[PDB]
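Pasting final18.tsv here (TSV, N, CA and C atoms and all ligand atoms):
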```tsv
chain	number	residue	atom	x	y	z
A	4	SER	N	128.06	-9.84	235.18
A	4	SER	CA	127.80	-8.97	234.04
A	4	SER	C	126.30	-8.84	233.79
A	5	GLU	N	125.62	-9.97	233.67
A	5	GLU	CA	124.18	-9.98	233.43
A	5	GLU	C	123.44	-9.21	234.52
A	6	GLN	N	123.85	-9.42	235.77
A	6	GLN	CA	123.23	-8.74	236.90
A	6	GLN	C	123.46	-7.24	236.82
A	7	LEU	N	124.65	-6.85	236.38
A	7	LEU	CA	124.99	-5.44	236.27
A	7	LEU	C	124.06	-4.73	235.28
A	8	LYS	N	123.74	-5.41	234.19
A	8	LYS	CA	122.86	-4.85	233.17
A	8	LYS	C	121.49	-4.54	233.75
A	9	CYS	N	121.03	-5.38	234.67
A	9	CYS	CA	119.73	-5.20	235.31
A	9	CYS	C	119.69	-3.89	236.09
A	10	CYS	N	120.80	-3.55	236.72
A	10	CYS	CA	120.89	-2.32	237.51
A	10	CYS	C	120.50	-1.11	236.67
A	11	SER	N	120.92	-1.11	235.41
A	11	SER	CA	120.62	-0.01	234.50
A	11	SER	C	119.11	0.13	234.30
A	12	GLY	N	118.43	-1.01	234.20
A	12	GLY	CA	116.99	-0.99	234.01
A	12	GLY	C	116.25	-0.43	235.21
A	13	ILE	N	116.63	-0.88	236.40
A	13	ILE	CA	116.00	-0.42	237.62
A	13	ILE	C	116.17	1.08	237.81
A	14	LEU	N	117.38	1.57	237.55
A	14	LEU	CA	117.68	2.99	237.68
A	14	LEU	C	116.97	3.80	236.60
A	15	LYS	N	116.86	3.21	235.41
A	15	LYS	CA	116.21	3.88	234.29
A	15	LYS	C	114.74	4.14	234.60
A	16	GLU	N	114.09	3.18	235.25
A	16	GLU	CA	112.68	3.31	235.61
A	16	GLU	C	112.48	4.45	236.60
A	17	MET	N	113.37	4.54	237.58
A	17	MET	CA	113.29	5.58	238.60
A	17	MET	C	113.31	6.97	237.96
A	18	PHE	N	113.98	7.08	236.81
A	18	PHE	CA	114.07	8.35	236.10
A	18	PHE	C	112.83	8.59	235.25
A	19	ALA	N	112.14	7.50	234.90
A	19	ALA	CA	110.93	7.60	234.09
A	19	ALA	C	109.96	8.62	234.66
A	20	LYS	N	108.97	9.01	233.86
A	20	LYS	CA	107.98	9.98	234.29
A	20	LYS	C	106.93	9.34	235.19
A	21	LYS	N	107.05	8.03	235.39
A	21	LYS	CA	106.12	7.29	236.23
A	21	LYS	C	106.39	7.56	237.70
A	22	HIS	N	107.66	7.75	238.05
A	22	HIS	CA	108.04	8.01	239.43
A	22	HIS	C	108.69	9.39	239.55
A	23	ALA	N	108.82	10.08	238.43
A	23	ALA	CA	109.42	11.41	238.41
A	23	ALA	C	108.65	12.37	239.31
A	24	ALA	N	107.41	12.01	239.62
A	24	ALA	CA	106.56	12.85	240.47
A	24	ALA	C	107.14	12.97	241.87
A	25	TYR	N	107.83	11.91	242.31
A	25	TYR	CA	108.43	11.90	243.64
A	25	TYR	C	109.87	11.40	243.58
A	26	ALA	N	110.44	11.41	242.38
A	26	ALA	CA	111.81	10.96	242.18
A	26	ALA	C	112.64	12.02	241.46
A	27	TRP	N	112.05	13.20	241.28
A	27	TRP	CA	112.73	14.30	240.61
A	27	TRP	C	113.77	14.94	241.53
A	28	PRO	N	113.50	14.91	242.84
A	28	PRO	CA	114.39	15.48	243.85
A	28	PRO	C	115.68	14.68	244.00
A	29	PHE	N	115.75	13.54	243.32
A	29	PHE	CA	116.93	12.68	243.38
A	29	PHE	C	117.55	12.52	241.99
A	30	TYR	N	117.25	13.46	241.10
A	30	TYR	CA	117.78	13.43	239.75
A	30	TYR	C	119.23	13.92	239.71
A	31	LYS	N	119.44	15.15	240.15
A	31	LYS	CA	120.77	15.74	240.17
A	31	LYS	C	121.31	15.82	241.60
A	32	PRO	N	122.63	16.02	241.73
A	32	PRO	CA	123.29	16.13	243.03
A	32	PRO	C	122.92	17.41	243.76
A	33	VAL	N	122.65	17.29	245.06
A	33	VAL	CA	122.29	18.45	245.87
A	33	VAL	C	123.36	19.53	245.80
A	34	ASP	N	122.97	20.72	245.36
A	34	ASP	CA	123.89	21.84	245.25
A	34	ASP	C	123.89	22.68	246.52
A	35	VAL	N	124.84	22.41	247.40
A	35	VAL	CA	124.95	23.14	248.66
A	35	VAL	C	125.08	24.64	248.41
A	36	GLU	N	125.54	25.00	247.22
A	36	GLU	CA	125.71	26.40	246.85
A	36	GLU	C	124.42	26.98	246.27
A	37	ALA	N	123.92	26.33	245.22
A	37	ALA	CA	122.69	26.77	244.57
A	37	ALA	C	121.51	26.71	245.52
A	38	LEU	N	121.35	25.56	246.18
A	38	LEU	CA	120.25	25.37	247.12
A	38	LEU	C	120.43	26.25	248.35
A	39	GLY	N	121.68	26.57	248.67
A	39	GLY	CA	121.96	27.40	249.82
A	39	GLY	C	122.07	26.60	251.11
A	40	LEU	N	122.57	25.38	251.00
A	40	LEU	CA	122.73	24.51	252.16
A	40	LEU	C	124.14	24.60	252.73
A	41	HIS	N	124.32	25.50	253.69
A	41	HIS	CA	125.62	25.69	254.32
A	41	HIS	C	125.79	24.76	255.51
A	42	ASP	N	125.06	23.65	255.50
A	42	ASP	CA	125.12	22.67	256.58
A	42	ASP	C	124.94	21.26	256.04
A	43	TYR	N	125.07	21.10	254.73
A	43	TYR	CA	124.92	19.80	254.10
A	43	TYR	C	126.24	19.04	254.08
A	44	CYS	N	127.34	19.78	253.91
A	44	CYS	CA	128.67	19.18	253.87
A	44	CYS	C	129.09	18.71	255.26
A	45	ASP	N	128.68	19.46	256.28
A	45	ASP	CA	129.02	19.12	257.66
A	45	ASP	C	128.30	17.84	258.10
A	46	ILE	N	127.07	17.68	257.64
A	46	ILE	CA	126.28	16.50	257.98
A	46	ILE	C	126.58	15.34	257.04
A	47	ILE	N	126.44	15.58	255.74
A	47	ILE	CA	126.70	14.56	254.74
A	47	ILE	C	128.15	14.61	254.27
A	48	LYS	N	128.87	13.51	254.45
A	48	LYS	CA	130.26	13.42	254.04
A	48	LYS	C	130.40	12.66	252.73
A	49	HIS	N	129.51	11.69	252.52
A	49	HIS	CA	129.54	10.89	251.30
A	49	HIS	C	128.21	11.00	250.55
A	50	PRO	N	128.03	12.13	249.84
A	50	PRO	CA	126.81	12.39	249.07
A	50	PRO	C	126.70	11.49	247.84
A	51	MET	N	125.50	11.42	247.28
A	51	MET	CA	125.26	10.60	246.10
A	51	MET	C	123.91	10.92	245.47
A	52	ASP	N	123.80	10.72	244.16
A	52	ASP	CA	122.56	10.99	243.44
A	52	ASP	C	122.36	9.98	242.32
A	53	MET	N	121.17	10.00	241.72
A	53	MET	CA	120.84	9.08	240.63
A	53	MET	C	121.73	9.35	239.42
A	54	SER	N	121.93	10.63	239.11
A	54	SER	CA	122.76	11.01	237.97
A	54	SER	C	124.17	10.46	238.11
A	55	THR	N	124.71	10.54	239.32
A	55	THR	CA	126.06	10.05	239.59
A	55	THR	C	126.13	8.53	239.45
A	56	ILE	N	125.17	7.84	240.05
A	56	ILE	CA	125.12	6.38	239.99
A	56	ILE	C	125.05	5.89	238.55
A	57	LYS	N	124.33	6.64	237.71
A	57	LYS	CA	124.18	6.29	236.31
A	57	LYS	C	125.52	6.40	235.57
A	58	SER	N	126.27	7.45	235.88
A	58	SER	CA	127.57	7.67	235.25
A	58	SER	C	128.57	6.60	235.67
A	59	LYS	N	128.48	6.18	236.92
A	59	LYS	CA	129.38	5.16	237.45
A	59	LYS	C	129.15	3.82	236.75
A	60	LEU	N	127.89	3.54	236.42
A	60	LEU	CA	127.53	2.30	235.75
A	60	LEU	C	128.05	2.28	234.32
A	61	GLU	N	128.03	3.45	233.68
A	61	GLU	CA	128.49	3.57	232.30
A	61	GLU	C	130.00	3.34	232.22
A	62	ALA	N	130.72	3.77	233.25
A	62	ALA	CA	132.16	3.61	233.29
A	62	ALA	C	132.55	2.29	233.94
A	63	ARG	N	131.57	1.41	234.11
A	63	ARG	CA	131.81	0.10	234.72
A	63	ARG	C	132.59	0.25	236.02
A	64	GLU	N	132.16	1.18	236.87
A	64	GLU	CA	132.82	1.41	238.14
A	64	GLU	C	132.40	0.37	239.17
A	65	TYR	N	131.14	-0.04	239.11
A	65	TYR	CA	130.61	-1.03	240.04
A	65	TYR	C	131.09	-2.43	239.68
A	66	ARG	N	131.55	-3.17	240.68
A	66	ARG	CA	132.03	-4.53	240.47
A	66	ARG	C	130.88	-5.52	240.41
A	67	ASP	N	129.97	-5.43	241.38
A	67	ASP	CA	128.82	-6.32	241.44
A	67	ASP	C	127.54	-5.52	241.67
A	68	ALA	N	126.40	-6.22	241.62
A	68	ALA	CA	125.11	-5.58	241.82
A	68	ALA	C	124.98	-5.05	243.24
A	69	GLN	N	125.58	-5.76	244.19
A	69	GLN	CA	125.52	-5.36	245.59
A	69	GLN	C	126.06	-3.94	245.78
A	70	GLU	N	127.18	-3.65	245.13
A	70	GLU	CA	127.80	-2.33	245.22
A	70	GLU	C	126.86	-1.26	244.69
A	71	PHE	N	126.13	-1.58	243.62
A	71	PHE	CA	125.20	-0.65	243.02
A	71	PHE	C	124.11	-0.24	244.01
A	72	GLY	N	123.68	-1.19	244.83
A	72	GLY	CA	122.65	-0.91	245.81
A	72	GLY	C	123.16	-0.06	246.96
A	73	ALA	N	124.43	-0.24	247.31
A	73	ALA	CA	125.03	0.52	248.40
A	73	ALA	C	124.92	2.02	248.15
A	74	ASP	N	125.13	2.43	246.91
A	74	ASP	CA	125.05	3.83	246.54
A	74	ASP	C	123.60	4.31	246.55
A	75	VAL	N	122.70	3.48	246.02
A	75	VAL	CA	121.29	3.82	245.96
A	75	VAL	C	120.72	4.07	247.36
A	76	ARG	N	121.07	3.19	248.29
A	76	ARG	CA	120.60	3.31	249.67
A	76	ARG	C	121.27	4.49	250.37
A	77	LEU	N	122.54	4.72	250.06
A	77	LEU	CA	123.28	5.82	250.66
A	77	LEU	C	122.66	7.16	250.29
A	78	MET	N	122.12	7.25	249.08
A	78	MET	CA	121.49	8.48	248.61
A	78	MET	C	120.26	8.82	249.45
A	79	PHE	N	119.54	7.78	249.87
A	79	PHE	CA	118.34	7.97	250.68
A	79	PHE	C	118.71	8.25	252.14
A	80	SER	N	119.75	7.58	252.62
A	80	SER	CA	120.20	7.75	254.00
A	80	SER	C	120.59	9.20	254.26
A	81	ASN	N	121.31	9.80	253.32
A	81	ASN	CA	121.75	11.18	253.46
A	81	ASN	C	120.55	12.12	253.58
A	82	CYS	N	119.46	11.77	252.90
A	82	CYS	CA	118.25	12.58	252.93
A	82	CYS	C	117.54	12.46	254.28
A	83	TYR	N	117.46	11.23	254.78
A	83	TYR	CA	116.81	10.98	256.06
A	83	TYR	C	117.63	11.56	257.22
A	84	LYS	N	118.93	11.67	257.01
A	84	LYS	CA	119.83	12.21	258.02
A	84	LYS	C	119.82	13.74	258.00
A	85	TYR	N	119.92	14.31	256.81
A	85	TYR	CA	119.93	15.76	256.65
A	85	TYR	C	118.56	16.35	256.97
A	86	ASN	N	117.58	16.03	256.13
A	86	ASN	CA	116.22	16.53	256.33
A	86	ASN	C	115.52	15.78	257.46
A	87	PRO	N	114.55	16.45	258.11
A	87	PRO	CA	113.79	15.86	259.21
A	87	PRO	C	112.85	14.75	258.75
A	88	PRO	N	112.36	13.95	259.70
A	88	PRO	CA	111.45	12.84	259.41
A	88	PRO	C	110.07	13.33	258.98
A	89	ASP	N	109.72	14.55	259.38
A	89	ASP	CA	108.43	15.13	259.03
A	89	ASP	C	108.55	16.00	257.78
A	90	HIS	N	109.58	15.75	256.98
A	90	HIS	CA	109.81	16.51	255.76
A	90	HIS	C	109.15	15.83	254.56
A	91	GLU	N	108.62	16.64	253.65
A	91	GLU	CA	107.96	16.11	252.46
A	91	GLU	C	108.93	15.28	251.62
A	92	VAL	N	110.14	15.79	251.43
A	92	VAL	CA	111.15	15.09	250.66
A	92	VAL	C	111.34	13.66	251.15
A	93	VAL	N	111.16	13.47	252.46
A	93	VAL	CA	111.31	12.15	253.06
A	93	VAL	C	110.24	11.19	252.54
A	94	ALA	N	109.00	11.67	252.47
A	94	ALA	CA	107.89	10.86	251.99
A	94	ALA	C	108.13	10.40	250.55
A	95	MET	N	108.74	11.27	249.76
A	95	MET	CA	109.03	10.95	248.36
A	95	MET	C	110.16	9.94	248.25
A	96	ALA	N	111.13	10.04	249.16
A	96	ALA	CA	112.27	9.13	249.16
A	96	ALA	C	111.83	7.70	249.44
A	97	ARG	N	110.92	7.54	250.40
A	97	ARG	CA	110.41	6.22	250.76
A	97	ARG	C	109.71	5.56	249.58
A	98	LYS	N	109.02	6.37	248.79
A	98	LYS	CA	108.30	5.87	247.62
A	98	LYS	C	109.26	5.31	246.58
A	99	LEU	N	110.30	6.08	246.28
A	99	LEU	CA	111.30	5.66	245.30
A	99	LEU	C	112.10	4.46	245.82
A	100	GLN	N	112.39	4.47	247.12
A	100	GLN	CA	113.14	3.39	247.74
A	100	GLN	C	112.39	2.06	247.61
A	101	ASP	N	111.09	2.10	247.86
A	101	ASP	CA	110.26	0.90	247.77
A	101	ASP	C	110.29	0.32	246.36
A	102	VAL	N	110.30	1.20	245.37
A	102	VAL	CA	110.33	0.77	243.97
A	102	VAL	C	111.66	0.13	243.62
A	103	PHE	N	112.74	0.64	244.21
A	103	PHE	CA	114.07	0.12	243.96
A	103	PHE	C	114.30	-1.19	244.72
A	104	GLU	N	113.84	-1.22	245.97
A	104	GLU	CA	114.00	-2.41	246.81
A	104	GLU	C	113.25	-3.60	246.21
A	105	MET	N	112.07	-3.33	245.67
A	105	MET	CA	111.25	-4.38	245.06
A	105	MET	C	111.91	-4.91	243.79
A	106	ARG	N	112.26	-4.00	242.89
A	106	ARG	CA	112.89	-4.38	241.63
A	106	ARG	C	114.24	-5.05	241.88
A	107	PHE	N	115.02	-4.48	242.80
A	107	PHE	CA	116.33	-5.02	243.13
A	107	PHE	C	116.21	-6.45	243.63
A	108	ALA	N	115.18	-6.71	244.42
A	108	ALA	CA	114.95	-8.05	244.97
A	108	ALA	C	114.34	-8.97	243.93
A	109	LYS	N	113.46	-8.43	243.10
A	109	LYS	CA	112.81	-9.21	242.05
A	109	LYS	C	113.78	-9.52	240.92
A	110	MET	N	114.96	-8.92	240.97
A	110	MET	CA	115.98	-9.14	239.95
A	110	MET	C	116.27	-10.62	239.78
A	111	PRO	N	116.40	-11.06	238.52
A	111	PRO	CA	116.67	-12.46	238.19
A	111	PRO	C	118.08	-12.88	238.59
A	112	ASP	N	118.19	-14.01	239.29
A	112	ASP	CA	119.48	-14.52	239.73
A	112	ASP	C	120.05	-15.50	238.71
A	201	LIG	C1	114.58	22.19	252.82
A	201	LIG	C2	115.77	22.54	253.71
A	201	LIG	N1	116.99	22.75	252.88
A	201	LIG	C3	117.24	22.01	251.79
A	201	LIG	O1	117.59	22.49	250.71
A	201	LIG	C4	116.98	20.47	251.90
A	201	LIG	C5	116.74	19.99	250.46
A	201	LIG	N2	115.37	20.40	250.04
A	201	LIG	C6	114.93	20.44	248.77
A	201	LIG	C7	113.61	20.89	248.59
A	201	LIG	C8	112.56	19.99	248.46
A	201	LIG	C9	111.25	20.44	248.26
A	201	LIG	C10	110.99	21.80	248.19
A	201	LIG	CL1	109.37	22.41	247.95
A	201	LIG	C11	112.03	22.70	248.33
A	201	LIG	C12	113.33	22.25	248.53
A	201	LIG	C13	115.73	19.93	247.73
A	201	LIG	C14	115.63	20.64	246.52
A	201	LIG	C15	116.36	20.24	245.41
A	201	LIG	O2	116.19	21.00	244.28
A	201	LIG	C16	117.37	21.59	243.70
A	201	LIG	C17	117.20	19.12	245.50
A	201	LIG	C18	117.31	18.41	246.69
A	201	LIG	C19	116.56	18.80	247.82
A	201	LIG	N3	116.73	18.05	248.95
A	201	LIG	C20	116.81	16.72	249.15
A	201	LIG	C21	116.75	15.66	248.03
A	201	LIG	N4	116.98	16.44	250.46
A	201	LIG	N5	116.98	17.64	251.10
A	201	LIG	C22	116.82	18.60	250.18
```
I'd like the structure from this file rewritten - as structure tokens, please.
Ligand SMILES: CCNC(=O)C[C@@H]1N=C(c2ccc(Cl)cc2)c2cc(OC)ccc2-n2c(C)nnc21
Amino acid sequence: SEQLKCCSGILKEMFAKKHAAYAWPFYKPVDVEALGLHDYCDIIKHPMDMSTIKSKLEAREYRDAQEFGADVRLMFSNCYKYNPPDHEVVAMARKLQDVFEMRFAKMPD
């Protein structure tokens, strides 16, 4: 339970305006329709976003902290898989990932 509460803090920071500069692209779920990505569903089968992860935490969907990280990492994996390695969005993803990996690890046991 205590560990689960920490997840909310880490995710909350990612939404802050401190990382919003390179974490805004991970705020809402990728709209294959709005964005016009007619090849996102074929590549990405299990999509995920920060907004979704936040809702799951509110509904106590996650059992442990480990599960919470699985979704966070999956969100970045889909980006690295869909978009190319020389893509700007990729550079921003690595920045947010580092902030999550550090906080997630620095989390009190
Ligand atoms: C760029 C090729 N086609 C795309 O739409 C890829 C898409 N690319 C973008 C994107 C990123 C930066 C710019 Cl300048 C233009 C488009 C994107 C834009 C979004 O705004 C609604 C949300 C998620 C995105 N995203 C993420 C996250 N990973 N790949 C993409």
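Around ligand LIG 201 (chain A), using all atoms listed in the file and a cut-off of 7 Å, the residues in contact are residues 27, 28, 29, 31, 32, 33, 34, 37, 38, 39, 40, 81, 82, 83, 85, 86, 91, 92 and 93 of chain A.
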> In Å, how far is it from atom CA of residue 17 of chain A to atom CA of residue 88 of chain A?
Replying inline: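 Answer for the atom CA of residue 17 of chain A to atom CA of residue 88 of chain A separation: 22.1 Å.
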>> One decimal, in Å: what's the spacing between atom CA of residue 47 of chain A and atom CA of residue 77 of chain A?
In response: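 Taking atom CA of residue 47 of chain A as the start and atom CA of residue 77 of chain A as the end point, the length is 10.2 Å.
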>> Give me, as a list in words, all polymer residues having an atom no more than 8 Å from residue 13 of chain A, counting only C-alpha atoms and skipping those fewer than 6 positions away in the same chain.
In response: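 Skipping anything fewer than 6 positions along the chain leaves residues 103, 106 and 107 of chain A.
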>> If we count all atoms listed in the file and set the cut-off at 7 Å, which residues sit around residue 26 of chain A, ignoring sequence neighbours fewer than 5 positions away in its own chain? Please answer as an MDAnalysis selection string.
In response: chainID A and resid 17:18 95:96 99
Among segment 33-103 of chain A, which ones does DSSP place in helix (DSSP H, G or I), written as a CSV table (one decimal) with N, CA and C atoms, in the coordinates of the input?
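Final output, result24.csv:
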```csv
chain,number,residue,atom,x,y,z
A,35,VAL,N,124.8,22.4,247.4
A,35,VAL,CA,125.0,23.1,248.7
A,35,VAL,C,125.1,24.6,248.4
A,36,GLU,N,125.5,25.0,247.2
A,36,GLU,CA,125.7,26.4,246.8
A,36,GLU,C,124.4,27.0,246.3
A,37,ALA,N,123.9,26.3,245.2
A,37,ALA,CA,122.7,26.8,244.6
A,37,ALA,C,121.5,26.7,245.5
A,38,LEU,N,121.4,25.6,246.2
A,38,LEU,CA,120.2,25.4,247.1
A,38,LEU,C,120.4,26.2,248.4
A,39,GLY,N,121.7,26.6,248.7
A,39,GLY,CA,122.0,27.4,249.8
A,39,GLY,C,122.1,26.6,251.1
A,43,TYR,N,125.1,21.1,254.7
A,43,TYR,CA,124.9,19.8,254.1
A,43,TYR,C,126.2,19.0,254.1
A,44,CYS,N,127.3,19.8,253.9
A,44,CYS,CA,128.7,19.2,253.9
A,44,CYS,C,129.1,18.7,255.3
A,45,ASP,N,128.7,19.5,256.3
A,45,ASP,CA,129.0,19.1,257.7
A,45,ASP,C,128.3,17.8,258.1
A,46,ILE,N,127.1,17.7,257.6
A,46,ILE,CA,126.3,16.5,258.0
A,46,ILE,C,126.6,15.3,257.0
A,53,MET,N,121.2,10.0,241.7
A,53,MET,CA,120.8,9.1,240.6
A,53,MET,C,121.7,9.4,239.4
A,54,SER,N,121.9,10.6,239.1
A,54,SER,CA,122.8,11.0,238.0
A,54,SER,C,124.2,10.5,238.1
A,55,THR,N,124.7,10.5,239.3
A,55,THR,CA,126.1,10.0,239.6
A,55,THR,C,126.1,8.5,239.4
A,56,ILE,N,125.2,7.8,240.0
A,56,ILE,CA,125.1,6.4,240.0
A,56,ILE,C,125.0,5.9,238.6
A,57,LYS,N,124.3,6.6,237.7
A,57,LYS,CA,124.2,6.3,236.3
A,57,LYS,C,125.5,6.4,235.6
A,58,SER,N,126.3,7.4,235.9
A,58,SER,CA,127.6,7.7,235.2
A,58,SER,C,128.6,6.6,235.7
A,59,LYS,N,128.5,6.2,236.9
A,59,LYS,CA,129.4,5.2,237.4
A,59,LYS,C,129.2,3.8,236.8
A,60,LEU,N,127.9,3.5,236.4
A,60,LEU,CA,127.5,2.3,235.8
A,60,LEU,C,128.0,2.3,234.3
A,61,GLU,N,128.0,3.4,233.7
A,61,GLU,CA,128.5,3.6,232.3
A,61,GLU,C,130.0,3.3,232.2
A,68,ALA,N,126.4,-6.2,241.6
A,68,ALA,CA,125.1,-5.6,241.8
A,68,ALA,C,125.0,-5.0,243.2
A,69,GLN,N,125.6,-5.8,244.2
A,69,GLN,CA,125.5,-5.4,245.6
A,69,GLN,C,126.1,-3.9,245.8
A,70,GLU,N,127.2,-3.6,245.1
A,70,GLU,CA,127.8,-2.3,245.2
A,70,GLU,C,126.9,-1.3,244.7
A,71,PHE,N,126.1,-1.6,243.6
A,71,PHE,CA,125.2,-0.6,243.0
A,71,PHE,C,124.1,-0.2,244.0
A,72,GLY,N,123.7,-1.2,244.8
A,72,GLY,CA,122.6,-0.9,245.8
A,72,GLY,C,123.2,-0.1,247.0
A,73,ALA,N,124.4,-0.2,247.3
A,73,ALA,CA,125.0,0.5,248.4
A,73,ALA,C,124.9,2.0,248.2
A,74,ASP,N,125.1,2.4,246.9
A,74,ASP,CA,125.0,3.8,246.5
A,74,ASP,C,123.6,4.3,246.6
A,75,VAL,N,122.7,3.5,246.0
A,75,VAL,CA,121.3,3.8,246.0
A,75,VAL,C,120.7,4.1,247.4
A,76,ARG,N,121.1,3.2,248.3
A,76,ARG,CA,120.6,3.3,249.7
A,76,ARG,C,121.3,4.5,250.4
A,77,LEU,N,122.5,4.7,250.1
A,77,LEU,CA,123.3,5.8,250.7
A,77,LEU,C,122.7,7.2,250.3
A,78,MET,N,122.1,7.2,249.1
A,78,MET,CA,121.5,8.5,248.6
A,78,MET,C,120.3,8.8,249.4
A,79,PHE,N,119.5,7.8,249.9
A,79,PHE,CA,118.3,8.0,250.7
A,79,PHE,C,118.7,8.2,252.1
A,80,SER,N,119.8,7.6,252.6
A,80,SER,CA,120.2,7.8,254.0
A,80,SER,C,120.6,9.2,254.3
A,81,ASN,N,121.3,9.8,253.3
A,81,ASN,CA,121.8,11.2,253.5
A,81,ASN,C,120.6,12.1,253.6
A,82,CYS,N,119.5,11.8,252.9
A,82,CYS,CA,118.2,12.6,252.9
A,82,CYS,C,117.5,12.5,254.3
A,83,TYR,N,117.5,11.2,254.8
A,83,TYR,CA,116.8,11.0,256.1
A,83,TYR,C,117.6,11.6,257.2
A,84,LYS,N,118.9,11.7,257.0
A,84,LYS,CA,119.8,12.2,258.0
A,84,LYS,C,119.8,13.7,258.0
A,85,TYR,N,119.9,14.3,256.8
A,85,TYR,CA,119.9,15.8,256.6
A,85,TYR,C,118.6,16.4,257.0
A,91,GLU,N,108.6,16.6,253.6
A,91,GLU,CA,108.0,16.1,252.5
A,91,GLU,C,108.9,15.3,251.6
A,92,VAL,N,110.1,15.8,251.4
A,92,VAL,CA,111.2,15.1,250.7
A,92,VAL,C,111.3,13.7,251.2
A,93,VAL,N,111.2,13.5,252.5
A,93,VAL,CA,111.3,12.2,253.1
A,93,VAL,C,110.2,11.2,252.5
A,94,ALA,N,109.0,11.7,252.5
A,94,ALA,CA,107.9,10.9,252.0
A,94,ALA,C,108.1,10.4,250.6
A,95,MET,N,108.7,11.3,249.8
A,95,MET,CA,109.0,11.0,248.4
A,95,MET,C,110.2,9.9,248.2
A,96,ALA,N,111.1,10.0,249.2
A,96,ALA,CA,112.3,9.1,249.2
A,96,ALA,C,111.8,7.7,249.4
A,97,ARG,N,110.9,7.5,250.4
A,97,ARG,CA,110.4,6.2,250.8
A,97,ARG,C,109.7,5.6,249.6
A,98,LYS,N,109.0,6.4,248.8
A,98,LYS,CA,108.3,5.9,247.6
A,98,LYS,C,109.3,5.3,246.6
A,99,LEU,N,110.3,6.1,246.3
A,99,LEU,CA,111.3,5.7,245.3
A,99,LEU,C,112.1,4.5,245.8
A,100,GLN,N,112.4,4.5,247.1
A,100,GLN,CA,113.1,3.4,247.7
A,100,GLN,C,112.4,2.1,247.6
A,101,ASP,N,111.1,2.1,247.9
A,101,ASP,CA,110.3,0.9,247.8
A,101,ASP,C,110.3,0.3,246.4
A,102,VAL,N,110.3,1.2,245.4
A,102,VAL,CA,110.3,0.8,244.0
A,102,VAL,C,111.7,0.1,243.6
A,103,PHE,N,112.7,0.6,244.2
A,103,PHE,CA,114.1,0.1,244.0
A,103,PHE,C,114.3,-1.2,244.7
```
> What is the atom C of residue 7 of chain A to atom CA of residue 20 of chain A distance in Å?
Replying inline: 21.8 Å
>> I want to know what sits within 8 Å of segment 110-112 of chain A, based on only N, CA and C atoms, with residues of the same chain fewer than 3 positions away left out; could you give that as number ranges by chain?
In response: A: 5-6, 9, 104-107
Can I get the selected residues back with N, CA and C atoms, as a PDB file, in the frame of the given file?
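Just written: result.pdb:
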```pdb
ATOM      1  N   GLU A   5     125.620  -9.970 233.670  1.00  0.00           N
ATOM      2  CA  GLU A   5     124.180  -9.980 233.430  1.00  0.00           C
ATOM      3  C   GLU A   5     123.440  -9.210 234.520  1.00  0.00           C
ATOM      4  N   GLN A   6     123.850  -9.420 235.770  1.00  0.00           N
ATOM      5  CA  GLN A   6     123.230  -8.740 236.900  1.00  0.00           C
ATOM      6  C   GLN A   6     123.460  -7.240 236.820  1.00  0.00           C
ATOM      7  N   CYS A   9     121.030  -5.380 234.670  1.00  0.00           N
ATOM      8  CA  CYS A   9     119.730  -5.200 235.310  1.00  0.00           C
ATOM      9  C   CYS A   9     119.690  -3.890 236.090  1.00  0.00           C
ATOM     10  N   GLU A 104     113.840  -1.220 245.970  1.00  0.00           N
ATOM     11  CA  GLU A 104     114.000  -2.410 246.810  1.00  0.00           C
ATOM     12  C   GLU A 104     113.250  -3.600 246.210  1.00  0.00           C
ATOM     13  N   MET A 105     112.070  -3.330 245.670  1.00  0.00           N
ATOM     14  CA  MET A 105     111.250  -4.380 245.060  1.00  0.00           C
ATOM     15  C   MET A 105     111.910  -4.910 243.790  1.00  0.00           C
ATOM     16  N   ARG A 106     112.260  -4.000 242.890  1.00  0.00           N
ATOM     17  CA  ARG A 106     112.890  -4.380 241.630  1.00  0.00           C
ATOM     18  C   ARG A 106     114.240  -5.050 241.880  1.00  0.00           C
ATOM     19  N   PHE A 107     115.020  -4.480 242.800  1.00  0.00           N
ATOM     20  CA  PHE A 107     116.330  -5.020 243.130  1.00  0.00           C
ATOM     21  C   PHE A 107     116.210  -6.450 243.630  1.00  0.00           C
TER      22      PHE A 107
END
```
> Taking only N, CA and C atoms into account, which of A:109, A:49, A:12, A:4 comes nearest residue 67 of chain A?
Replying inline: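 Using only N, CA and C atoms, residue 67 of chain A sits closest to A:4.
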